[PDB]
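Following: one structure in structure tokens, then a few remarks.
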Amino acid sequence: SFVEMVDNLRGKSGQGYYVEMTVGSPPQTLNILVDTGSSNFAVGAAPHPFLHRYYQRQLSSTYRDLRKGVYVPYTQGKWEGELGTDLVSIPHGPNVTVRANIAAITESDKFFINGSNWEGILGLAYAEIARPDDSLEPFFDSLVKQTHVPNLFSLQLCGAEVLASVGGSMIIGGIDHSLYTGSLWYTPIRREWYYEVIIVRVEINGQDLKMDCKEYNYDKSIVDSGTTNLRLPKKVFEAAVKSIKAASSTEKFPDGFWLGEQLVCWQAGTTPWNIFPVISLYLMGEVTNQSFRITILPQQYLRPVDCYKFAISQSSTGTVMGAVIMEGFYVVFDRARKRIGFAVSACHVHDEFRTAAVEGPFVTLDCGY
Ligand SMILES: CCn1cc([C@]2(c3cccc(-c4cncnc4)c3)N=C(N)N(C)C2=O)cn1
């Protein structure tokens, strides 16, 4: 049924991708953020200025209360709510219904986004980082256990007066070959909590940043559909921008732009893409001394707002390969074989001079924290 899953994601630029889901009986429709960077199925369950609809447990005849609260403070914001289980389906995903854990958010701070058009989050990472603890089975774990859907899903994020709308596909239970060209290269999932991986080398315009590879994964590297930007450890970030500033020297910008909080504009197809360099991330291969590179264009790391924001930013929590990396590629979260596959996406955005690429192997003769 993969055909019926194609284009089942939507979103606004910089505000995440969501898939339609129903919870409860009768089905309550909600748009839910696909988030490989968290592990809770958490849905607005009380009025909020940014929510135009929300999950109403009392309207559901199949809701069961777990009589347990959950409080999820985090760096940027916070949500808090009540644990229960209910029946869940994805209308444009696998044709099944599962009983899953649901965090019904009763209060939250800076969690929902104005105009994003989603009402909850589908944390697709592992139990290890779930709240309140790893005993709360994540949605995908329940789905696999209760149905026969293979332990694998794949994301094809396609990107783009009003924020640009983005489209994409979440294929659960398999690999849709029409979604990518060329070969799928796999990098090991180093540990099952976040989707943690290892970056062994990075180049800006073919030039090695030449760092001890531990800096690339300090203190970890993760694949996160719930983060817009490519986020880099401080020391790598600074080296990245310096290298990027040099490659686009002709024509200058204010460091408010480089700090990713200040847009820059051209007008109608005048954008000097060729000025900015490609960025290659080399991920560890399944074979010890091998790696492969994913190369991403400026079209990915300059996010549209013809105005663009610099979608590479600093991190104190390690490297985050967010949406702007994923948008060049078809990304397979092969949980069954503890690996993540990358292929050129059938939908990636590129000129007649450059193209996002996935290429290997590269042999590199210790990179993890
Ligand atoms: C554990 C608390 N939590 C944080 C998240 C978030 C989260 C929460 C709310 C909104 C968004 C978000 C996603 N796309 C674009 N704009 C915002 C992300 N998911 C990820 N991966 N990141 C880094 C988060 O901040 C989920 N739960």
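Numbering starts fresh at 1 for the residues of each chain in the structure tokens, the chains themselves are lettered A, B, ... in the order given, and ligands are numbered from 1 as they appear.
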Close residues, residue 34 in chain A itself excluded, 10 Å, only C-alpha atoms, min 2 positions apart in chain, as a PyMOL selection string:
chain A and resi 9+16-20+31-32+36-38+41+118+120-124+155+170+224-226
Written selection (C-alpha atoms) as a PDB file, in the first residue's frame:
ATOM      1  CA  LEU A   9       3.233  14.692   5.030  1.00  0.00           C
ATOM      2  CA  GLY A  16       8.138  20.786  11.045  1.00  0.00           C
ATOM      3  CA  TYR A  17       6.388  18.145   8.944  1.00  0.00           C
ATOM      4  CA  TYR A  18       3.200  16.508  10.144  1.00  0.00           C
ATOM      5  CA  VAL A  19       1.106  13.536   9.145  1.00  0.00           C
ATOM      6  CA  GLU A  20      -2.614  13.184   9.716  1.00  0.00           C
ATOM      7  CA  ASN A  31      -2.111  16.697  12.498  1.00  0.00           C
ATOM      8  CA  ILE A  32       0.910  15.310  14.225  1.00  0.00           C
ATOM      9  CA  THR A  36      12.621  11.349  14.998  1.00  0.00           C
ATOM     10  CA  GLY A  37      14.176  13.419  17.845  1.00  0.00           C
ATOM     11  CA  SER A  38      11.751  12.468  20.651  1.00  0.00           C
ATOM     12  CA  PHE A  41       3.221  10.438  21.438  1.00  0.00           C
ATOM     13  CA  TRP A 118      -0.172  20.465  13.950  1.00  0.00           C
ATOM     14  CA  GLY A 120       0.724  16.998  18.746  1.00  0.00           C
ATOM     15  CA  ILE A 121       3.945  15.062  18.251  1.00  0.00           C
ATOM     16  CA  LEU A 122       4.790  11.568  17.178  1.00  0.00           C
ATOM     17  CA  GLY A 123       8.137  10.887  18.756  1.00  0.00           C
ATOM     18  CA  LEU A 124       9.682   8.117  16.693  1.00  0.00           C
ATOM     19  CA  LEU A 155      11.122   9.708   5.519  1.00  0.00           C
ATOM     20  CA  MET A 170       6.436   8.841   5.626  1.00  0.00           C
ATOM     21  CA  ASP A 224      16.258  14.660  13.813  1.00  0.00           C
ATOM     22  CA  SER A 225      13.230  15.447  11.652  1.00  0.00           C
ATOM     23  CA  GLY A 226      12.029  17.563  14.556  1.00  0.00           C
TER      24      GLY A 226
END
Contacts of range 246-251 of chain A at 10 Å (only C-alpha atoms; same-chain gap of 6+ positions) as a VMD selection string:
chain A and resid 204 to 205 272 to 278
Would you mind exporting N, CA and C atoms of the selected residues as a PDB file, in the first residue's frame?
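Result saved to selection-v6.pdb:
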ATOM      1  N   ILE A 204      33.630  21.326   3.289  1.00  0.00           N
ATOM      2  CA  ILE A 204      32.942  22.436   2.679  1.00  0.00           C
ATOM      3  C   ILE A 204      33.672  22.642   1.371  1.00  0.00           C
ATOM      4  N   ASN A 205      32.929  22.572   0.277  1.00  0.00           N
ATOM      5  CA  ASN A 205      33.493  22.640  -1.070  1.00  0.00           C
ATOM      6  C   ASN A 205      34.718  21.761  -1.315  1.00  0.00           C
ATOM      7  N   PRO A 272      22.250  33.917  -6.032  1.00  0.00           N
ATOM      8  CA  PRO A 272      23.548  33.414  -6.487  1.00  0.00           C
ATOM      9  C   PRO A 272      23.940  32.091  -5.835  1.00  0.00           C
ATOM     10  N   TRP A 273      23.171  31.032  -6.078  1.00  0.00           N
ATOM     11  CA  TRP A 273      23.452  29.734  -5.475  1.00  0.00           C
ATOM     12  C   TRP A 273      24.915  29.359  -5.663  1.00  0.00           C
ATOM     13  N   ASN A 274      25.424  29.564  -6.874  1.00  0.00           N
ATOM     14  CA  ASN A 274      26.774  29.147  -7.236  1.00  0.00           C
ATOM     15  C   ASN A 274      27.841  29.745  -6.330  1.00  0.00           C
ATOM     16  N   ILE A 275      27.502  30.838  -5.661  1.00  0.00           N
ATOM     17  CA  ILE A 275      28.439  31.504  -4.763  1.00  0.00           C
ATOM     18  C   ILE A 275      28.720  30.644  -3.527  1.00  0.00           C
ATOM     19  N   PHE A 276      27.675  30.022  -2.997  1.00  0.00           N
ATOM     20  CA  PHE A 276      27.800  29.191  -1.808  1.00  0.00           C
ATOM     21  C   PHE A 276      28.209  27.759  -2.129  1.00  0.00           C
ATOM     22  N   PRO A 277      29.059  27.175  -1.279  1.00  0.00           N
ATOM     23  CA  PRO A 277      29.665  25.849  -1.416  1.00  0.00           C
ATOM     24  C   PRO A 277      28.733  24.716  -0.988  1.00  0.00           C
ATOM     25  N   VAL A 278      28.953  23.511  -1.508  1.00  0.00           N
ATOM     26  CA  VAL A 278      28.282  22.321  -1.020  1.00  0.00           C
ATOM     27  C   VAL A 278      28.907  21.880   0.291  1.00  0.00           C
TER      28      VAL A 278
END
Excluding residue 108 in chain A and any residue of its chain fewer than 2 positions from it, enumerate the residues within 8 Å of it, using only C-alpha atoms, and give them as a count of residues only.
9
Test item: residues at most 10 Å from residue 191 in chain A, only C-alpha atoms, excluding those fewer than 6 positions along its chain, as a count of residues only
5
Correct to one decimal, the distance CA of residue 3 in chain A-CA of residue 347 in chain A is 15.4 Å
Can you pull out every residue within 9 Å of residue 125 in chain A, counting only C-alpha atoms, but drop anything in the same chain fewer than 4 positions away, and send it as a count of residues only?
14
Would you please work out which residue, of A:209, A:304, A:298, A:322, is nearest to residue 264 in chain A when using only C-alpha atoms?
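For residue 264 in chain A, the nearest of the given residues is A:304.
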Using the chain letters and numbers from this document, which residues of range 148-363 of chain A does DSSP assign to strand (DSSP E or B), as a PyMOL selection string?
chain A and resi 153-159+165-172+180-188+192+195-197+199-204+207-208+221-223+230-233+264-265+279-284+290-296+302-304+307-310+312-315+319-321+329-334+339-345+357-363
DSSP helix (DSSP H, G or I) selection over range 161-355 of chain A, as number ranges by chain
A: 177-179, 213-215, 234-247, 255-258, 273-275, 298-301, 323-326, 335-337
Residue subset to file, keeping C-alpha atoms, as a short mmCIF file (atom, residue, chain, number, x, y, z; two decimals), in the first residue's frame:
data_model
loop_
_atom_site.label_atom_id
_atom_site.label_comp_id
_atom_site.auth_asym_id
_atom_site.auth_seq_id
_atom_site.Cartn_x
_atom_site.Cartn_y
_atom_site.Cartn_z
CA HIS A 177 11.91 2.49 -4.50
CA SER A 178 10.22 5.19 -6.50
CA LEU A 179 11.19 7.61 -3.73
CA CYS A 213 36.39 13.34 14.18
CA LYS A 214 35.33 13.22 17.84
CA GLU A 215 34.50 16.92 17.45
CA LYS A 234 30.49 25.15 18.60
CA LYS A 235 34.03 24.45 17.34
CA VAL A 236 32.79 22.74 14.17
CA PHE A 237 30.19 25.44 13.57
CA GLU A 238 32.75 28.27 13.66
CA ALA A 239 34.99 26.41 11.28
CA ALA A 240 32.03 25.71 9.05
CA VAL A 241 30.91 29.35 8.72
CA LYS A 242 34.44 30.63 8.32
CA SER A 243 34.88 28.17 5.47
CA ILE A 244 31.50 29.17 4.01
CA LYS A 245 32.19 32.89 4.36
CA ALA A 246 35.38 32.42 2.37
CA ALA A 247 33.66 30.49 -0.44
CA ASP A 255 26.81 38.48 10.89
CA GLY A 256 23.19 38.60 11.94
CA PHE A 257 22.68 36.45 8.89
CA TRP A 258 25.48 34.10 9.81
CA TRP A 273 23.45 29.73 -5.47
CA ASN A 274 26.77 29.15 -7.24
CA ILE A 275 28.44 31.50 -4.76
CA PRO A 298 22.97 25.75 -0.56
CA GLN A 299 19.35 25.15 -1.64
CA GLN A 300 19.05 23.09 1.54
CA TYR A 301 20.96 25.19 4.03
CA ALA A 323 15.16 18.74 8.13
CA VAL A 324 17.52 20.75 5.95
CA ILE A 325 19.86 17.79 5.74
CA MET A 326 17.10 15.25 5.35
CA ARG A 335 15.36 -0.08 13.23
CA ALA A 336 15.27 -3.82 12.49
CA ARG A 337 18.92 -3.80 11.41
#
May I have the residues within 7 Å of residue 263 in chain A as a list in words, using only C-alpha atoms and disregarding those fewer than 4 positions away in the same chain?
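The residues that qualify are residues 257, 307, 308 and 309 of chain A.
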Find the residues around residue 2 in chain A up to 10 Å (only C-alpha atoms counted), leave out those fewer than 5 positions away in its own chain, and share them as a VMD selection string.
chain A and resid 92 to 94 169 to 178
Keeping N, CA, C and O atoms for every residue in the selection just given, could you write it to a file as a PDB file, in the first residue's frame?
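Result written to again_23.pdb:
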ATOM      1  N   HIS A  92      -3.392   7.771   6.098  1.00  0.00           N
ATOM      2  CA  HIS A  92      -2.595   7.609   4.892  1.00  0.00           C
ATOM      3  C   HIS A  92      -1.283   6.913   5.152  1.00  0.00           C
ATOM      4  O   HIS A  92      -0.250   7.250   4.545  1.00  0.00           O
ATOM      5  N   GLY A  93      -1.338   5.941   6.057  1.00  0.00           N
ATOM      6  CA  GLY A  93      -0.184   5.146   6.422  1.00  0.00           C
ATOM      7  C   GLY A  93      -0.639   3.706   6.413  1.00  0.00           C
ATOM      8  O   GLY A  93      -1.570   3.361   5.695  1.00  0.00           O
ATOM      9  N   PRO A  94      -0.009   2.852   7.233  1.00  0.00           N
ATOM     10  CA  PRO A  94      -0.436   1.447   7.222  1.00  0.00           C
ATOM     11  C   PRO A  94      -1.921   1.312   7.593  1.00  0.00           C
ATOM     12  O   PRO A  94      -2.437   2.075   8.406  1.00  0.00           O
ATOM     13  N   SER A 169       6.898  12.369   2.313  1.00  0.00           N
ATOM     14  CA  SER A 169       6.244  11.085   2.577  1.00  0.00           C
ATOM     15  C   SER A 169       6.842  10.356   3.775  1.00  0.00           C
ATOM     16  O   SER A 169       8.052  10.344   3.957  1.00  0.00           O
ATOM     17  N   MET A 170       5.986   9.744   4.588  1.00  0.00           N
ATOM     18  CA  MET A 170       6.436   8.841   5.626  1.00  0.00           C
ATOM     19  C   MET A 170       5.923   7.464   5.234  1.00  0.00           C
ATOM     20  O   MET A 170       4.717   7.217   5.245  1.00  0.00           O
ATOM     21  N   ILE A 171       6.848   6.592   4.851  1.00  0.00           N
ATOM     22  CA  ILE A 171       6.544   5.226   4.464  1.00  0.00           C
ATOM     23  C   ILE A 171       6.868   4.286   5.605  1.00  0.00           C
ATOM     24  O   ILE A 171       8.030   4.105   5.965  1.00  0.00           O
ATOM     25  N   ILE A 172       5.845   3.670   6.161  1.00  0.00           N
ATOM     26  CA  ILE A 172       6.044   2.807   7.291  1.00  0.00           C
ATOM     27  C   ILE A 172       6.010   1.364   6.862  1.00  0.00           C
ATOM     28  O   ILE A 172       5.083   0.933   6.181  1.00  0.00           O
ATOM     29  N   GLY A 173       7.059   0.635   7.223  1.00  0.00           N
ATOM     30  CA  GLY A 173       7.064  -0.802   7.074  1.00  0.00           C
ATOM     31  C   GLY A 173       7.834  -1.260   5.866  1.00  0.00           C
ATOM     32  O   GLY A 173       7.907  -2.448   5.580  1.00  0.00           O
ATOM     33  N   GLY A 174       8.414  -0.313   5.147  1.00  0.00           N
ATOM     34  CA  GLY A 174       9.185  -0.674   3.988  1.00  0.00           C
ATOM     35  C   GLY A 174       9.850   0.473   3.261  1.00  0.00           C
ATOM     36  O   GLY A 174       9.906   1.632   3.710  1.00  0.00           O
ATOM     37  N   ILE A 175      10.392   0.100   2.118  1.00  0.00           N
ATOM     38  CA  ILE A 175      11.166   0.992   1.306  1.00  0.00           C
ATOM     39  C   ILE A 175      10.458   1.123  -0.025  1.00  0.00           C
ATOM     40  O   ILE A 175      10.170   0.129  -0.690  1.00  0.00           O
ATOM     41  N   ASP A 176      10.142   2.359  -0.378  1.00  0.00           N
ATOM     42  CA  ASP A 176       9.455   2.658  -1.620  1.00  0.00           C
ATOM     43  C   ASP A 176      10.540   3.077  -2.584  1.00  0.00           C
ATOM     44  O   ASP A 176      11.149   4.131  -2.415  1.00  0.00           O
ATOM     45  N   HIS A 177      10.791   2.253  -3.590  1.00  0.00           N
ATOM     46  CA  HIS A 177      11.905   2.488  -4.499  1.00  0.00           C
ATOM     47  C   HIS A 177      11.697   3.631  -5.460  1.00  0.00           C
ATOM     48  O   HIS A 177      12.656   4.165  -6.014  1.00  0.00           O
ATOM     49  N   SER A 178      10.460   4.049  -5.640  1.00  0.00           N
ATOM     50  CA  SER A 178      10.223   5.186  -6.497  1.00  0.00           C
ATOM     51  C   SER A 178      10.579   6.487  -5.765  1.00  0.00           C
ATOM     52  O   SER A 178      10.582   7.570  -6.357  1.00  0.00           O
TER      53      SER A 178
END
What separation in Å, quoted to one decimal, exists between CA of residue 133 in chain A and CA of residue 187 in chain A?
27.3 Å
Expressed in Å, the length from CA of residue 51 in chain A to CA of residue 107 in chain A is 11.9 Å
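Minimum distance to ligand 1 across A:5, A:162, A:113, A:357 (counting only C-alpha atoms and all ligand atoms) occurs at A:113.
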Counting only C-alpha atoms, which of A:306, A:315, A:253, A:358 gets nearest to residue 267 in chain A?
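Of A:306, A:315, A:253, A:358, the one nearest residue 267 in chain A, counting only C-alpha atoms, is A:306.
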Counting only C-alpha atoms, the option among A:287, A:87, A:259, A:189 closest to residue 24 in chain A
A:87
